[PDB]
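Visitor: Structure file entry-v1.cif (mmCIF, C-alpha atoms and all ligand atoms) is given on the next line.
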```cif
data_final
#
loop_
_atom_site.label_atom_id
_atom_site.label_comp_id
_atom_site.auth_asym_id
_atom_site.auth_seq_id
_atom_site.Cartn_x
_atom_site.Cartn_y
_atom_site.Cartn_z
CA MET F 2 15.18 1.94 53.75
CA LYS F 3 14.61 0.93 50.11
CA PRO F 4 11.05 1.51 48.81
CA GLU F 5 10.63 -2.32 48.70
CA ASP F 6 11.40 -2.37 52.50
CA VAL F 7 8.74 0.34 53.12
CA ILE F 8 6.20 -1.65 50.99
CA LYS F 9 6.89 -4.95 52.81
CA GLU F 10 6.06 -3.10 56.12
CA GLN F 11 2.89 -1.50 54.55
CA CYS F 12 1.73 -4.98 53.36
CA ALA F 13 2.58 -6.64 56.75
CA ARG F 14 -0.05 -4.38 58.44
CA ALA F 15 -2.66 -4.49 55.58
CA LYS F 16 -6.07 -6.28 55.88
CA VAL F 17 -5.99 -6.89 52.06
CA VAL F 18 -2.97 -7.27 49.70
CA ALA F 19 -3.08 -7.49 45.90
CA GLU F 20 0.13 -8.86 44.36
CA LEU F 21 1.39 -7.11 41.22
CA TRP F 22 3.92 -9.42 39.42
CA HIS F 23 6.34 -7.44 37.23
CA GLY F 24 9.39 -7.82 35.03
CA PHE F 25 11.43 -4.72 36.09
CA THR F 26 14.79 -6.14 37.19
CA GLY F 27 16.26 -2.81 38.22
CA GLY F 28 17.19 0.77 37.52
CA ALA F 29 14.66 3.57 36.84
CA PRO F 30 11.49 1.52 35.86
CA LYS F 31 11.90 -0.58 39.13
CA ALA F 32 12.50 2.56 41.33
CA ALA F 33 9.56 4.46 39.72
CA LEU F 34 7.03 1.53 40.06
CA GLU F 35 8.02 1.01 43.73
CA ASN F 36 7.73 4.79 44.58
CA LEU F 37 4.24 4.83 42.94
CA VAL F 38 3.22 1.76 45.07
CA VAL F 39 4.61 3.42 48.34
CA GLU F 40 2.43 6.52 47.53
CA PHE F 41 -0.61 4.38 46.67
CA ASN F 42 -0.22 2.30 49.88
CA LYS F 43 0.07 5.44 52.18
CA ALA F 44 -3.28 6.68 50.85
CA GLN F 45 -5.02 3.31 51.55
CA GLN F 46 -6.65 2.11 54.80
CA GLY F 47 -5.08 -1.34 55.42
CA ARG F 48 -5.33 -2.10 51.61
CA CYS F 49 -1.97 -2.47 49.79
CA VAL F 50 -0.31 -3.50 46.53
CA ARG F 51 2.76 -5.74 46.80
CA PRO F 52 5.04 -5.55 43.73
CA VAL F 53 6.81 -8.93 43.25
CA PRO F 54 9.72 -8.92 40.75
CA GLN F 55 9.53 -12.09 38.61
CA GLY F 56 12.75 -11.37 36.63
CA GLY F 57 12.39 -9.95 33.11
CA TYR F 58 9.26 -10.00 30.97
CA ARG F 59 9.70 -13.60 29.67
CA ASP F 60 10.49 -14.93 33.21
CA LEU F 61 7.26 -13.14 34.23
CA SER F 62 5.13 -14.86 31.52
CA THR F 63 6.73 -18.26 32.34
CA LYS F 64 5.96 -17.71 36.11
CA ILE F 65 2.36 -16.67 35.22
CA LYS F 66 1.82 -19.92 33.24
CA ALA F 67 3.24 -21.93 36.22
CA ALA F 68 0.77 -19.90 38.44
CA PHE F 69 -2.28 -21.12 36.40
CA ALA F 70 -0.84 -24.71 36.68
CA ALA F 71 -0.41 -24.25 40.50
CA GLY F 72 -3.79 -22.41 40.91
CA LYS F 73 -1.98 -19.49 42.76
CA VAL F 74 -2.18 -16.36 40.51
CA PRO F 75 -1.46 -12.75 41.44
CA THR F 76 -4.17 -10.05 41.49
CA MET F 77 -2.34 -8.12 38.72
CA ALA F 78 0.62 -8.51 36.37
CA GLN F 79 2.39 -6.76 33.53
CA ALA F 80 1.47 -8.17 30.02
CA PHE F 81 2.32 -7.46 26.42
CA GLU F 82 -0.61 -7.62 23.97
CA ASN F 83 0.50 -11.21 22.90
CA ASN F 84 0.53 -12.29 26.61
CA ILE F 85 -3.05 -10.94 26.92
CA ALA F 86 -4.08 -13.03 23.90
CA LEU F 87 -2.54 -16.09 25.58
CA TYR F 88 -4.20 -15.55 29.00
CA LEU F 89 -7.56 -15.00 27.19
CA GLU F 90 -7.32 -18.61 25.79
CA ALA F 91 -7.08 -19.62 29.51
CA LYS F 92 -10.17 -17.36 30.26
CA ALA F 93 -7.96 -15.90 32.99
CA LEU F 94 -8.51 -12.14 32.63
CA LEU F 95 -11.05 -9.79 34.09
CA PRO F 96 -12.48 -7.24 31.66
CA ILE F 97 -11.25 -3.85 33.05
CA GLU F 98 -14.42 -1.81 32.56
CA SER F 99 -16.21 -4.49 34.79
CA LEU F 100 -14.21 -2.93 37.78
CA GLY F 101 -15.59 0.46 36.65
CA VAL F 102 -12.06 1.79 35.82
CA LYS F 103 -12.57 4.98 33.65
CA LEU F 104 -10.47 4.74 30.42
CA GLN F 105 -11.45 7.94 28.53
CA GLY F 106 -8.38 10.13 27.97
CA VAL F 107 -6.15 6.98 27.53
CA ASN F 108 -4.29 7.35 24.13
CA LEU F 109 -6.18 5.21 21.55
CA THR F 110 -2.75 3.98 20.25
CA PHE F 111 -2.49 2.07 23.59
CA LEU F 112 -6.21 1.54 24.36
CA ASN F 113 -6.84 -0.07 20.94
CA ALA F 114 -3.98 -2.52 21.72
CA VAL F 115 -5.63 -3.93 24.91
CA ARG F 116 -9.09 -4.39 23.26
CA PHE F 117 -9.93 -8.01 22.21
CA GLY F 118 -13.32 -8.52 20.44
CA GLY F 119 -14.46 -5.05 21.63
CA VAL F 120 -13.48 -5.65 25.32
CA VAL F 121 -10.62 -3.96 27.20
CA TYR F 122 -8.53 -6.56 29.10
CA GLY F 123 -5.52 -4.43 30.09
CA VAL F 124 -4.60 -0.97 31.45
CA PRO F 125 -1.76 0.60 29.47
CA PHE F 126 0.86 1.39 32.21
CA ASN F 127 4.55 1.47 31.01
CA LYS F 128 4.37 1.90 27.23
CA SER F 129 7.54 2.86 25.38
CA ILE F 130 8.33 3.90 21.83
CA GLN F 131 11.61 3.52 19.93
CA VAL F 132 13.52 6.79 19.46
CA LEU F 133 16.80 7.80 17.80
CA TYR F 134 19.49 8.23 20.42
CA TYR F 135 22.51 10.08 19.15
CA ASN F 136 25.81 11.66 19.93
CA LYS F 137 25.39 15.42 19.40
CA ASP F 138 29.15 15.95 19.78
CA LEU F 139 30.19 13.36 17.22
CA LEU F 140 27.64 14.56 14.60
CA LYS F 141 28.80 18.27 15.16
CA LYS F 142 32.41 17.15 14.87
CA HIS F 143 31.85 15.86 11.22
CA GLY F 144 29.15 18.44 10.22
CA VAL F 145 26.42 15.67 10.08
CA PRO F 146 22.74 16.83 10.32
CA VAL F 147 20.52 14.61 12.50
CA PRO F 148 19.22 12.21 9.80
CA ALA F 149 15.45 12.58 8.96
CA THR F 150 15.31 9.69 6.38
CA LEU F 151 16.52 6.08 6.25
CA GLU F 152 18.68 7.20 3.25
CA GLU F 153 20.25 10.03 5.33
CA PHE F 154 20.72 7.61 8.29
CA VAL F 155 22.71 5.06 6.16
CA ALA F 156 24.68 8.00 4.69
CA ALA F 157 25.51 9.52 8.14
CA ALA F 158 26.45 6.09 9.58
CA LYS F 159 28.88 5.47 6.61
CA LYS F 160 30.27 9.12 6.77
CA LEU F 161 30.88 8.99 10.57
CA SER F 162 32.25 5.37 10.60
CA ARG F 163 34.75 6.38 7.84
CA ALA F 164 35.81 9.45 9.87
CA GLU F 165 36.07 7.71 13.27
CA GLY F 166 37.53 4.35 12.12
CA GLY F 167 34.76 2.12 13.48
CA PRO F 168 31.02 1.37 13.30
CA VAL F 169 28.94 4.27 14.79
CA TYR F 170 25.39 2.81 14.44
CA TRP F 171 25.01 0.40 17.45
CA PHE F 172 22.28 -2.25 17.50
CA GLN F 173 21.11 -5.35 19.34
CA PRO F 174 20.61 -8.15 16.79
CA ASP F 175 16.97 -8.74 17.89
CA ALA F 176 13.22 -8.65 16.72
CA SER F 177 12.87 -5.18 18.34
CA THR F 178 15.65 -3.57 16.24
CA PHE F 179 14.58 -5.58 13.14
CA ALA F 180 10.99 -4.20 13.51
CA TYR F 181 12.20 -0.57 13.08
CA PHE F 182 13.89 -1.33 9.68
CA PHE F 183 11.09 -3.82 8.67
CA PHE F 184 8.17 -1.35 9.32
CA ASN F 185 9.93 1.62 7.65
CA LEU F 186 10.81 -0.42 4.48
CA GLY F 187 6.98 -1.04 4.23
CA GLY F 188 6.85 -4.48 5.88
CA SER F 189 3.93 -6.07 7.56
CA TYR F 190 3.92 -9.24 9.56
CA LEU F 191 0.33 -10.20 8.58
CA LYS F 192 -0.70 -10.90 4.93
CA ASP F 193 -4.36 -12.04 4.32
CA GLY F 194 -4.49 -13.02 8.06
CA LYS F 195 -1.25 -15.15 7.86
CA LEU F 196 2.02 -14.52 9.83
CA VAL F 197 4.87 -13.99 7.33
CA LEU F 198 8.50 -13.59 8.62
CA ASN F 199 10.22 -14.02 5.16
CA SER F 200 8.54 -11.28 3.01
CA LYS F 201 10.64 -9.17 0.60
CA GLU F 202 10.65 -6.28 3.17
CA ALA F 203 11.95 -8.64 5.98
CA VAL F 204 14.76 -9.87 3.70
CA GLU F 205 15.53 -6.19 2.76
CA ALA F 206 15.59 -5.19 6.51
CA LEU F 207 17.89 -8.05 7.57
CA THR F 208 20.07 -7.47 4.52
CA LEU F 209 20.43 -3.76 5.43
CA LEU F 210 21.72 -4.67 8.93
CA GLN F 211 24.03 -7.47 7.74
CA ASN F 212 25.50 -5.15 5.01
CA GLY F 213 25.95 -2.44 7.69
CA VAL F 214 28.04 -5.03 9.70
CA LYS F 215 30.06 -6.02 6.59
CA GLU F 216 30.60 -2.41 5.43
CA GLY F 217 31.80 -1.28 8.86
CA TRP F 218 29.01 1.22 9.87
CA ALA F 219 26.78 -1.12 12.03
CA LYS F 220 28.10 -2.52 15.37
CA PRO F 221 26.19 -5.53 16.84
CA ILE F 222 26.00 -5.32 20.69
CA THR F 223 25.84 -8.91 22.17
CA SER F 224 26.65 -8.18 25.84
CA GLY F 225 24.50 -5.77 27.96
CA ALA F 226 22.19 -2.92 26.81
CA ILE F 227 23.54 -0.36 24.30
CA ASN F 228 23.78 2.27 27.07
CA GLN F 229 25.99 -0.26 29.05
CA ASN F 230 28.52 -0.47 26.13
CA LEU F 231 28.99 3.37 25.68
CA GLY F 232 32.66 4.51 26.15
CA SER F 233 33.96 1.50 24.03
CA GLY F 234 34.74 3.13 20.63
CA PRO F 235 32.86 5.65 18.56
CA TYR F 236 29.04 5.96 18.93
CA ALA F 237 26.76 8.14 16.82
CA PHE F 238 23.28 6.46 16.83
CA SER F 239 21.08 3.77 18.27
CA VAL F 240 17.40 2.92 17.78
CA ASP F 241 16.28 1.92 21.22
CA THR F 242 13.33 1.95 23.68
CA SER F 243 12.45 5.35 25.20
CA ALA F 244 12.22 3.44 28.52
CA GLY F 245 16.12 3.42 28.40
CA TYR F 246 16.19 7.35 28.38
CA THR F 247 17.33 7.91 32.04
CA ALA F 248 19.95 5.15 31.63
CA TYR F 249 21.29 6.76 28.39
CA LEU F 250 21.42 10.20 30.19
CA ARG F 251 23.40 8.75 33.11
CA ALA F 252 25.89 6.70 31.02
CA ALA F 253 26.67 9.07 28.10
CA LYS F 254 30.00 11.01 28.66
CA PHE F 255 29.05 13.04 25.45
CA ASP F 256 26.05 15.37 24.86
CA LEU F 257 23.17 12.86 24.35
CA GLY F 258 20.68 13.60 21.48
CA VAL F 259 17.12 12.30 21.19
CA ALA F 260 15.36 12.66 17.87
CA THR F 261 12.30 11.17 16.16
CA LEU F 262 13.22 8.15 14.00
CA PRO F 263 14.28 8.41 10.36
CA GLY F 264 11.31 7.74 7.98
CA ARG F 265 11.00 6.86 4.29
CA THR F 266 10.60 10.61 3.55
CA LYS F 267 10.81 13.92 5.37
CA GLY F 268 6.96 14.09 5.16
CA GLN F 269 6.76 11.96 8.35
CA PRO F 270 8.98 10.44 11.16
CA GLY F 271 9.53 6.66 10.84
CA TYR F 272 7.43 4.28 12.94
CA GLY F 273 8.79 3.20 16.38
CA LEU F 274 7.94 -0.18 17.91
CA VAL F 275 5.68 0.11 20.93
CA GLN F 276 7.06 -1.89 23.80
CA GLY F 277 6.52 -2.06 27.57
CA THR F 278 3.38 -3.43 29.22
CA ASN F 279 -0.24 -3.26 30.26
CA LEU F 280 -1.60 -4.26 33.69
CA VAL F 281 -4.14 -7.14 33.71
CA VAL F 282 -6.39 -8.29 36.56
CA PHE F 283 -6.85 -12.06 37.04
CA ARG F 284 -10.36 -13.45 37.44
CA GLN F 285 -9.03 -15.90 40.11
CA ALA F 286 -8.30 -12.92 42.49
CA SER F 287 -10.68 -12.33 45.47
CA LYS F 288 -13.41 -9.60 45.19
CA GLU F 289 -11.44 -7.64 47.82
CA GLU F 290 -8.10 -7.90 45.85
CA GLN F 291 -10.01 -6.79 42.70
CA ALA F 292 -11.23 -3.66 44.56
CA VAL F 293 -7.63 -2.86 45.47
CA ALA F 294 -6.63 -3.33 41.79
CA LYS F 295 -9.50 -0.96 40.72
CA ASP F 296 -8.14 1.80 43.03
CA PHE F 297 -4.57 1.02 41.94
CA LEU F 298 -5.46 1.15 38.25
CA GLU F 299 -7.30 4.46 38.73
CA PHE F 300 -4.20 5.78 40.61
CA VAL F 301 -1.75 4.64 37.84
CA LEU F 302 -3.92 6.40 35.21
CA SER F 303 -3.96 9.70 37.25
CA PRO F 304 -2.16 12.67 35.61
CA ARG F 305 0.35 12.95 38.53
CA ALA F 306 1.25 9.17 38.63
CA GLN F 307 1.81 9.21 34.85
CA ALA F 308 3.74 12.55 34.88
CA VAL F 309 6.08 11.19 37.70
CA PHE F 310 6.51 7.64 36.14
CA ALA F 311 7.10 8.94 32.50
CA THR F 312 9.53 11.70 33.57
CA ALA F 313 11.60 9.21 35.83
CA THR F 314 11.93 6.68 32.91
CA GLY F 315 11.24 7.93 29.29
CA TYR F 316 8.12 5.78 29.04
CA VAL F 317 5.29 7.56 27.13
CA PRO F 318 2.55 9.07 29.42
CA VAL F 319 -0.54 6.96 28.40
CA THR F 320 -3.13 9.77 29.03
CA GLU F 321 -3.86 13.28 27.61
CA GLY F 322 -4.24 14.29 31.33
CA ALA F 323 -0.56 13.47 32.12
CA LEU F 324 0.58 16.13 29.55
CA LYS F 325 -1.49 18.76 31.30
CA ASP F 326 -0.03 17.96 34.77
CA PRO F 327 2.34 20.74 36.04
CA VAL F 328 5.07 18.18 37.19
CA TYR F 329 5.21 16.86 33.59
CA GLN F 330 5.19 20.44 32.21
CA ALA F 331 8.08 21.46 34.57
CA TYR F 332 10.22 18.51 33.37
CA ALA F 333 9.25 19.12 29.70
CA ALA F 334 10.05 22.85 29.91
CA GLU F 335 13.59 22.00 31.14
CA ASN F 336 14.29 18.95 28.90
CA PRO F 337 12.98 18.93 25.26
CA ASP F 338 13.55 15.15 24.95
CA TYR F 339 10.26 14.47 26.83
CA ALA F 340 8.23 16.29 23.98
CA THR F 341 10.45 14.34 21.44
CA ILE F 342 9.39 10.98 23.03
CA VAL F 343 5.66 12.10 22.90
CA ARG F 344 5.99 13.27 19.24
CA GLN F 345 7.57 9.86 18.30
CA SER F 346 4.66 8.06 20.17
CA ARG F 347 2.27 9.51 17.47
CA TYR F 348 4.10 7.21 14.91
CA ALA F 349 3.76 3.84 16.57
CA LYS F 350 3.55 0.22 15.30
CA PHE F 351 2.81 -2.97 17.23
CA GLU F 352 4.03 -6.53 16.68
CA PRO F 353 1.25 -9.18 16.14
CA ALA F 354 -0.91 -10.00 19.28
CA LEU F 355 -0.90 -13.80 18.59
CA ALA F 356 -0.64 -16.10 21.69
CA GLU F 357 2.63 -17.64 20.28
CA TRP F 358 4.33 -14.33 19.41
CA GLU F 359 6.60 -14.14 22.51
CA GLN F 360 8.13 -17.62 21.60
CA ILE F 361 8.34 -16.57 17.85
CA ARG F 362 9.98 -13.12 18.40
CA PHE F 363 12.70 -14.65 20.66
CA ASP F 364 13.29 -18.28 19.66
CA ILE F 365 12.48 -18.19 15.87
CA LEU F 366 12.63 -14.62 14.43
CA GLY F 367 15.22 -13.43 17.00
CA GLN F 368 17.39 -16.52 16.29
CA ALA F 369 17.20 -15.98 12.47
CA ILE F 370 18.40 -12.40 13.00
CA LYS F 371 21.33 -13.58 15.16
CA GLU F 372 22.12 -16.27 12.51
CA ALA F 373 22.46 -13.50 9.82
CA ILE F 374 24.22 -10.87 11.97
CA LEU F 375 26.58 -12.94 14.12
CA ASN F 376 27.00 -16.16 11.95
CA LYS F 377 26.85 -14.67 8.40
CA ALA F 378 23.74 -16.74 7.46
CA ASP F 379 22.11 -15.61 4.21
CA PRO F 380 19.25 -13.28 5.22
CA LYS F 381 16.53 -15.04 3.06
CA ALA F 382 17.65 -18.60 4.08
CA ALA F 383 17.62 -17.53 7.77
CA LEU F 384 14.06 -16.01 7.38
CA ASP F 385 12.80 -18.95 5.24
CA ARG F 386 13.86 -21.18 8.14
CA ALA F 387 12.09 -18.87 10.66
CA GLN F 388 8.86 -18.89 8.53
CA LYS F 389 8.89 -22.74 8.50
CA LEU F 390 9.45 -23.06 12.29
CA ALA F 391 6.67 -20.44 12.87
CA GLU F 392 4.24 -22.24 10.44
CA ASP F 393 5.00 -25.53 12.34
CA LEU F 394 4.45 -23.95 15.81
CA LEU F 395 1.18 -22.23 14.72
CA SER F 396 -0.05 -25.55 13.19
CA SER F 397 0.64 -27.10 16.68
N1 LIG O 401 8.75 -11.09 27.17
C1 LIG O 401 8.57 -10.18 26.14
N2 LIG O 401 9.44 -9.12 25.90
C2 LIG O 401 9.11 -8.36 24.78
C3 LIG O 401 7.95 -8.56 23.91
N3 LIG O 401 7.91 -7.54 22.95
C4 LIG O 401 8.99 -6.79 23.22
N4 LIG O 401 9.69 -7.31 24.28
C5 LIG O 401 10.87 -6.81 25.02
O1 LIG O 401 10.55 -5.58 25.60
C6 LIG O 401 11.82 -4.93 25.86
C7 LIG O 401 11.61 -3.43 25.89
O2 LIG O 401 10.65 -3.15 26.92
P1 LIG O 401 10.56 -1.68 27.57
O3 LIG O 401 9.68 -1.67 28.79
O4 LIG O 401 10.48 -0.55 26.47
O5 LIG O 401 12.07 -1.46 28.16
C8 LIG O 401 12.74 -2.10 29.27
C9 LIG O 401 14.26 -2.15 29.14
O6 LIG O 401 14.73 -2.32 27.79
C10 LIG O 401 14.65 -0.79 29.72
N5 LIG O 401 16.07 -0.70 30.05
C11 LIG O 401 16.50 -0.97 31.33
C12 LIG O 401 17.88 -0.86 31.59
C13 LIG O 401 18.79 -0.50 30.56
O7 LIG O 401 20.03 -0.40 30.75
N6 LIG O 401 18.35 -0.21 29.34
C14 LIG O 401 17.03 -0.29 29.05
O8 LIG O 401 16.71 -0.02 27.87
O9 LIG O 401 13.80 -0.66 30.86
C15 LIG O 401 12.55 -1.29 30.57
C16 LIG O 401 12.18 -2.16 31.73
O10 LIG O 401 13.37 -2.94 31.98
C17 LIG O 401 12.73 -5.40 24.77
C18 LIG O 401 13.98 -5.96 25.36
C19 LIG O 401 14.02 -7.48 25.12
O11 LIG O 401 13.88 -8.22 26.35
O12 LIG O 401 15.30 -7.80 24.56
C20 LIG O 401 12.93 -7.76 24.11
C21 LIG O 401 12.03 -6.57 24.13
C22 LIG O 401 7.16 -9.71 24.30
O13 LIG O 401 6.13 -10.05 23.70
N7 LIG O 401 7.53 -10.44 25.35
CL CL O 402 19.04 -1.57 40.85
#
```
Could I get this file's structure written as structure tokens?
Guide:
Amino acid sequence: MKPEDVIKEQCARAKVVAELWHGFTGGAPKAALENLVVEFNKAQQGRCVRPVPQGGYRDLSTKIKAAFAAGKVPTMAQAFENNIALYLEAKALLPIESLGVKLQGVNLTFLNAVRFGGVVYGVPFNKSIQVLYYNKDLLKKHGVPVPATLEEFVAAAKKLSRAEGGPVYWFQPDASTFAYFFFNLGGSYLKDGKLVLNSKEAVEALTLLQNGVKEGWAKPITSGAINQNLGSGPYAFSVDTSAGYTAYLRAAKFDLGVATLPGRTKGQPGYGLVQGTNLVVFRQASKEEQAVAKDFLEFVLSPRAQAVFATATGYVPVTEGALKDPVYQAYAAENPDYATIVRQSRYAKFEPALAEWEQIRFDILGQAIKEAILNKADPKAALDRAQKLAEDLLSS
């Protein structure tokens, strides 16, 4: 009796059913969402949510565009900030505060990100922050302090790779990893309102990674998640989503470290990329489905729902209330990595919220990073190409 079995039964006897389309394909996010929905549905009187997996996040946005085309949309769905921008062009989204959902206490880092022209269009739900995952045992073995600066991080990666005979910093050659180096070398994607992929800081970020590959301290991972490659050769450090925390804990055969990210100086942690999603409510949904979404959105913002969800996953509890819940506190008191994730969430950057950003981050910027890392393309020539494809798509 999988939670999804329970839910299908709950929905089969419900008077009213609001679909929630998501992009959790498995593991702890998928288990945590479904357990939340089972609990919500037991409380309700013939009024249920039905989570519908749509694949990953891009499958989900593709399926949502086909839904507008078909005229069959869900009540709710997961959405990045760029997805929200897109669906607003379509006039598809219900303003949240119209349902009377109370948003005070939601972290302004996340609340600001769902606000378009003053209006909130999303409920921050599963929001993650990059952290530094590390191998405590391997750093102790070579007397390496947890690096607090980008300088110390390069140094440690070179020191440990020399000692162990192989690259100890592991990375996915993607926009998400790029963003960490880009932000903390003083990059910004927007200059005088214009999207710029090929700035000096972008070239310096992509150069740093490619030189790490050439020098033997950076290891590109091209098959599975980082946590799925552990046990193959020496590992000291990744920069990865907090939402992988439970997966790291399960897979690591070594004592797993979580730290705040290396910054430019010791005066502050580096910035982590905010990932994960918001829940949106579609205007096309029935008044009755909307009422279910309003109770569901209130439930998901409750201290207990956030304390259970965040502690099952490593996602960042989106409310001040969740940190004051005793189930959170019990987990935090036993595992310092939960406070570490919250501390890192204070130092948080977003990618641009342009309608076209999902296509750019994957098919243009992501590609130019793969070209440099995996095919030895010159970092500037790869980014100049990206900039030109992005300027051509935005002109379309
Ligand atoms: N479509 C679309 N995706 C976007 C956008 N901005 C960023 N991202 C993607 O968000 C993922 C991070 O979202 P987050 O919820 O923090 O983490 C994910 C999973 O990463 C994480 N997980 C699961 C199993 C595992 O072994 N390891 C693990 O880390 O669990 C969560 C739910 O699956 C990155 C991954 C990416 O697909 O390569 C590209 C990134 C965008 O605009 N659009
Ligand atoms: Cl699974």
Visitor: From the set F:322, F:213, F:72, F:125, which residue has the shortest atom-to-atom contact distance to ligand LIG 401 (chain O), counting all atoms listed in the file?
Guide: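 Checking each candidate against ligand LIG 401 (chain O), we get F:125 as the closest.
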Visitor: Counting all atoms listed in the file, which protein, DNA or RNA residues come within 9 Å of ligand LIG 401 (chain O), given as a PyMOL selection string?
Guide: chain F and resi 24-31+57-62+80-84+127-131+173+175-177+225-229+241-249+274-278+314-316+351-352+354+358-360+362-363
Visitor: In Å, rounded to a single decimal, give me how far CA of residue 197 in chain F is from CA of residue 372 in chain F.
Guide: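 Answer for the CA of residue 372 in chain F to CA of residue 197 in chain F separation: 18.2 Å.
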Visitor: For a test of reading the model, state the distance in Å between CA of residue 196 in chain F and CA of residue 108 in chain F, rounded to one decimal.
Guide: 26.9 Å
Visitor: Excluding residue 45 in chain F and residues on its chain fewer than 4 positions from it, collect all residues at most 12 Å away from it, counting only C-alpha atoms, and give them as an MDAnalysis selection string.
Guide: chainID F and resid 11:12 14:18 38:41 49:50 292:294 296:297 300
Visitor: Rank F:218, F:48, F:54, F:311 by their smallest atom-to-atom distance to ligand CL 402 (chain O), using all atoms listed in the file, and report the top residue only.
Guide: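 Residue with the minimum atom-to-atom distance to ligand CL 402 (chain O): F:54.
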Visitor: Rounded to one decimal place, report the CA of residue 158 in chain F-CA of residue 217 in chain F distance in Å.
Guide: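 Distance reported for this atom pair: 9.1 Å.
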Visitor: Could you pull the residues within 12 Å of residue 333 in chain F, counting all atoms listed in the file, minus those fewer than 3 positions along the same chain, as a PDB file with C-alpha atoms, in the coordinates of the input?
Guide:
```
ATOM      1  CA  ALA F 308       3.740  12.550  34.880  1.00  0.00           C
ATOM      2  CA  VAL F 309       6.080  11.190  37.700  1.00  0.00           C
ATOM      3  CA  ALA F 311       7.100   8.940  32.500  1.00  0.00           C
ATOM      4  CA  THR F 312       9.530  11.700  33.570  1.00  0.00           C
ATOM      5  CA  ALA F 313      11.600   9.210  35.830  1.00  0.00           C
ATOM      6  CA  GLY F 315      11.240   7.930  29.290  1.00  0.00           C
ATOM      7  CA  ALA F 323      -0.560  13.470  32.120  1.00  0.00           C
ATOM      8  CA  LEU F 324       0.580  16.130  29.550  1.00  0.00           C
ATOM      9  CA  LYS F 325      -1.490  18.760  31.300  1.00  0.00           C
ATOM     10  CA  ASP F 326      -0.030  17.960  34.770  1.00  0.00           C
ATOM     11  CA  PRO F 327       2.340  20.740  36.040  1.00  0.00           C
ATOM     12  CA  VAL F 328       5.070  18.180  37.190  1.00  0.00           C
ATOM     13  CA  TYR F 329       5.210  16.860  33.590  1.00  0.00           C
ATOM     14  CA  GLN F 330       5.190  20.440  32.210  1.00  0.00           C
ATOM     15  CA  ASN F 336      14.290  18.950  28.900  1.00  0.00           C
ATOM     16  CA  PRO F 337      12.980  18.930  25.260  1.00  0.00           C
ATOM     17  CA  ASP F 338      13.550  15.150  24.950  1.00  0.00           C
ATOM     18  CA  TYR F 339      10.260  14.470  26.830  1.00  0.00           C
ATOM     19  CA  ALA F 340       8.230  16.290  23.980  1.00  0.00           C
ATOM     20  CA  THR F 341      10.450  14.340  21.440  1.00  0.00           C
ATOM     21  CA  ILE F 342       9.390  10.980  23.030  1.00  0.00           C
ATOM     22  CA  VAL F 343       5.660  12.100  22.900  1.00  0.00           C
TER      23      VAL F 343
END
```
Visitor: Select, from F:8, F:32, F:42, F:90, the residue with the minimum atom-to-atom distance to ligand CL 402 (chain O), counting only C-alpha atoms and all ligand atoms.
Guide: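 Smallest distance to ligand CL 402 (chain O) is found for F:32.
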Visitor: Closest to residue 167 in chain F among F:195, F:92, F:141, F:220, using all atoms listed in the file?
Guide: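 Going through F:195, F:92, F:141, F:220 one by one, the smallest distance to residue 167 in chain F is for F:220.
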Visitor: Counting all atoms listed in the file, which residues come within 12 Å of (-6.0, 12.1, 28.6), with the point read in the file's coordinates, and could you list them as a count of residues only?
Guide: 24
Visitor: Kindly list the centre and edge lengths in Å, rounded to one decimal, for the axis-aligned box that covers all listed atoms of range 22-31 of chain F plus 3 Å on each of its six sides, as JSON.
Guide:
```
{"center_x": 10.6, "center_y": -2.9, "center_z": 37.2, "size_x": 19.3, "size_y": 19.0, "size_z": 10.4}
```
Visitor: Need the shell around residue 99 in chain F: protein/DNA/RNA residues with any atom at most 12 Å away, counting all atoms listed in the file. Skip same-chain ones fewer than 6 positions apart. Format as a VMD selection string?
Guide: chain F and resid 120 to 123 282 284 288 291 to 292 294 to 295
Visitor: Show me, as a PyMOL selection string, the residues that have an atom within 10 Å of range 383-391 of chain F when counting all atoms listed in the file, minus same-chain residues fewer than 3 positions from it.
Guide: chain F and resi 196-200+203-204+207+357-358+360-362+364-373+377-380+394-397
Visitor: Please determine, counting only C-alpha atoms and all ligand atoms, which residue among F:52, F:19, F:233, F:33 has the shortest atom-to-atom distance to ligand CL 402 (chain O).
Guide: F:33
